[PDB]
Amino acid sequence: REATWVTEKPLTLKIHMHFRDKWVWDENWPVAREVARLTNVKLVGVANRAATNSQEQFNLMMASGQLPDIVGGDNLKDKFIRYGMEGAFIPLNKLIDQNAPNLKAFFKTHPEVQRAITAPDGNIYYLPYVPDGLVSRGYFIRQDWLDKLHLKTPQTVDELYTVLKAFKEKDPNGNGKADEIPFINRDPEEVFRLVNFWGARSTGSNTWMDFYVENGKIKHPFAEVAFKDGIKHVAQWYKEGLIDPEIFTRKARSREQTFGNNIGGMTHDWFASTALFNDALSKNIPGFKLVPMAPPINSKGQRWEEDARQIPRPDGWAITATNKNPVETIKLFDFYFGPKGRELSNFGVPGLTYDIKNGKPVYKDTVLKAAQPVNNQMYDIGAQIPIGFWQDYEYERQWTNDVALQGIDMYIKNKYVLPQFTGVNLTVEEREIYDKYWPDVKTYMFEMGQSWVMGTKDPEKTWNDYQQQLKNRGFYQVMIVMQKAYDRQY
């Protein structure tokens, strides 16, 4: 028996959690085993580890008969609310009040977080991933390539064009081949964010393709004329090879590939793990120097950083109506919001990845000095995963090197980050419209965006058909409920 047990008799529950298009819940994970030991509840995964689309696996789950006990993963907020309101997920409000003292206290001190996860019917259908921190991404460029080519740090988009074209054409890696790829990115959606250079938004928050507000009016980035004109410019840089030809396909290991083989020039990504490549690659590429850059002055005369940490994220886990142990389940979930649960869910396992020293969790040198970023190392053992959990920025500070710190400090000091969208409070009827049309409109928008970047559709010529399709697919119906909600509120 342990003081932390949430049941005297051992309990096993089934969880469907497929996440990040790459991972599933693993009961053999060190963190899972530790939580199961401390709480007496073991979670067994039932998701398909061979699939590469987490959203489609949610959908396949929901269509494969009786639900498991718990469902978790990234980018599931809207599915948890839509299916909660229908009954597939249960409201957690009273379970929390009666049985989850850590969460009850957390929500009292984080009313914004409780607001963000509550549905139009007043119910909480999931517990979120709660990030910790302020900035997330920033621009990084190869200083050593700038110096090889005698180029200054670009300050405007026109200066940046010249620098990326030089990276492409002037052989900065010195191997006689035109193998350099000026701009790379782990995230396909960052290609859409390049429209910021031409004064257009791509998303209002860390959630991809989110709405934004301008002067009191709700807008969607992909519907705006500025997006049509901006995406033309992105398509031109893609045509000319300044953007990775594989930007929609290469994905998670883009940095390992392109910086590791000295062919990537620039990216837009999270400060800590991106700056770590200076340290990981120092033996193999002695003068490798990837450094933060201020955003270039864009066509609207401003230096935009569109992204920031979003507290909470639309990620987490929920209790299904078939779970026969909802009270033991909410107690298990509450364990993660207590001190020990929070330590494990962030740092891994004591004696394995960290030690308590002077009362604080301190990562081992083998973790801090490893070639893989520490968050990647955490995923592999079941930490830093998008369950309901409260991230602790102290985990990240320990592997935030001086290059990263000086980039984060620059961005915070100079206020590049744009105000983020914090959502609206829909009514039940407005929510019906949103759930009926929005998910499919966002899919269509992405498809058209990819077509525009790769040049298989010309944005100027297809823009009218596209706007008629937005109307036909319900987009303006959603825009109007969003605006009504905004107005009602504000």
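Residue positions are given as counts along the sequence shown, with the first one as 1.
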{"query": "Greater mean Cα temperature factor according to the PDB record, 154-162 or 113-121", "finding": "113-121"}
{"query": "Given 145-153 and 243-251, the range whose Cα B-factors average higher in the PDB entry", "finding": "145-153"}
{"query": "Given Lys357, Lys415, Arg303, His233, the residue at which the Cα B factor reaches its maximum", "finding": "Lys357"}
{"query": "Identity of residue with top Cα B-factor, from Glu86, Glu394, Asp409, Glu343", "finding": "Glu86"}
{"query": "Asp229 CA temperature factor, ranked by third within the chain", "finding": "middle"}
{"query": "Chain-wide C-alpha B factor ranking for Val367, given as lowest, middle or highest third", "finding": "middle"}
{"query": "CA B-factor ranking of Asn206, expressed as a third of its chain", "finding": "lowest"}
{"query": "For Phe222, the third of its chain into which the C-alpha B factor falls", "finding": "middle"}
{"query": "B-factor third for the C-alpha atom of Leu290 within its chain", "finding": "middle"}
